[PDB]
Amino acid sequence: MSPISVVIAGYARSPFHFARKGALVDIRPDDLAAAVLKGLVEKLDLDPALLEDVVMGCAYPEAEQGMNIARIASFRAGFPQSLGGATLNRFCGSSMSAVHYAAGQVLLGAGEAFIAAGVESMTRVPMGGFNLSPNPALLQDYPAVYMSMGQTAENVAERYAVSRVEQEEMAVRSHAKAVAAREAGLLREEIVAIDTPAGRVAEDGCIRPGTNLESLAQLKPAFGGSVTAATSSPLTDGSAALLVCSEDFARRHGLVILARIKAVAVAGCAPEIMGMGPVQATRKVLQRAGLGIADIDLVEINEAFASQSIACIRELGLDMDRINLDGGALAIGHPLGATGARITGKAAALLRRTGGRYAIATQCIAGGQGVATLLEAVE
């Protein structure tokens, strides 16, 4: 007689690079995803034949991200044909929903170990895909369904009263925290270096040290309002992967357990303010875990925009000093499919490193959704 325990027992990712001008422009997303899958199981010294399934998050699963990129990446990584592979699109939250899927399968007794990963080459598959075909009836009846992400960011800045200067202070803090993490070697363990035509890429490319209020105040508005390129996550290339498995499996294979998955959630919201997704998703995981915000040691909230990240943190009553401890997406980047796996893996790794008890990973999703994962330390 034993509690069902689902744990994160591995977290790896590529460095994240600016789309179009960064170090990963020449790497196919299927090849990049493969590199990280192979990197994770090599960091763990884990036989991939022990895995049930690879679940790969991807916002635009077409073109080089098509043909079930989970299964393509798995083949390309040299993993056995006995694994399953599936690709999951919940846009910005895809690879956090991959974690929820794998967690559900562990409870169903349908396998003991999974990779929950994500990928986005925002260089090689442009945000929106090819052949964008909006529903004509929804364009007329419900146009907010297809609202630009930047307009949702302005809507939140207005409706939740987040000034341009307040957004710019988050940008300064997110870069300063990433720089401090990188320079202390605190991003090294999670990174799988990637071979490219130009050479080995081993370090994050989106961090801009010395980001400061005076230089930010000179930038042009991006969406005819308060938001700028610097208070918006950049177009990013990258992949992240987690090992999601039973506590028993991790113990059996001598794996270090980063954290236990204690509760999960999805919540819909109004598309016009999609950035507020995290509020209902976080309230759900607290209600399901039997916890309050005062119980949470740290939070990874994705910085899709400063406007929505700040509006969420205020609405939940979170201390900004407990947010995005090693930097957030303004600095680190936001390759859509990969972010959920990254912020979940990172929250787990930070909970273990900081000696905390509980953490939450949460983000917003285009089309009006939020996802959250509540993590618990393992003794």
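Throughout, we count residues from 1 along the sequence that is shown.
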Higher of the two mean Cα B-factors (358 to 366, 15 to 23; per PDB record) comes from 15 to 23
What stretch has the higher average Cα B-factor here, 113 to 121 or 199 to 207? 199 to 207
Note to self: of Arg283, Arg252, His100, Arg71, the C-alpha temperature factor tops out at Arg252
Could you check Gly224, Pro278, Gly238, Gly268 and tell me which one carries the biggest Cα B-factor in the deposited entry? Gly224
Which third of the chain holds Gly129 when residues are ordered by C-alpha B factor: lowest, middle or highest? highest
Would you please rank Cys312 by its C-alpha temperature factor against the other modelled residues of its chain and give the third it falls in: lowest, middle or highest? lowest
Within this chain's modelled residues, let me know which third the CA B factor of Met320 belongs to: lowest, middle or highest. highest
By the entry's values, the third containing the CA B factor of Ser232 is the highest
When the modelled residues of the chain are sorted by Cα temperature factor, does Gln151 land in the lowest, middle or highest third? middle
